[PDB]
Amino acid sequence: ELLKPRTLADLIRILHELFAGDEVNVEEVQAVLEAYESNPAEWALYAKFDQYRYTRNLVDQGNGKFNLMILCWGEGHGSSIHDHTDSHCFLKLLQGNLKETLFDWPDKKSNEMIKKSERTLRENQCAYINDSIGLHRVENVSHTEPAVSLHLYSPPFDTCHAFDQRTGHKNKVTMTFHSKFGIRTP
């Protein structure tokens, strides 16, 4: 039975229930994430920005089944074209807007990676990606408004690949956390 999360804390409790087993009902997880109405007071602790690039701030470790984190995107900050290491990845906007550009997995032959589609993700909306859907880039294209998003990955992963848009060549990258549970983790 899926109920509306009343607060971020309630959302976390609900997620622990939805991930108690060995599989993931993607549509139910997406629905509960969408239903949580972003309340900035509840997540201010995690919203730690860096001047030069987007930051990843761990909120909950999901008793091992998932990581829930808040990403903070300065004006003009974006990601690489990347995969998600055989994990489910949910993205919900808490503040601002992000542009998501989708790409196909490259062929082994070196070639320009052409965009398959793009969309604008708006406040409170929840998107989903996995490697079977494709690769993506996420960017805050705003010149005036920082963006904040809530991300859930299951299983957790701390490495992925970044893809060179001009060739499709990939490189392994290790992901780091700017903070964990509200504490800066240099």
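All residue numbers refer to positions in the sequence shown, first residue = 1.
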message: Please compare 149-157 with 62-70 and name the stretch with the higher mean C-alpha B-factor in the deposited structure.
response: 62-70
query: Which is higher on average in the deposited entry, the C-alpha temperature factors of 167-175 or of 20-28?
result: 167-175
query: In the PDB entry, which of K108, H77, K92, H82 has its C-alpha at the highest B-factor?
result: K108
message: Looking at the C-alpha B-factor values in the deposited entry, which of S132, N57, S38, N140 comes out highest?
response: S132
field: Ranked against its chain, the third holding the CA B-factor of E123
entry: highest
- prompt: For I114, does the deposited CA B-factor place it in the lowest, middle or highest third of the chain?
  reply: highest
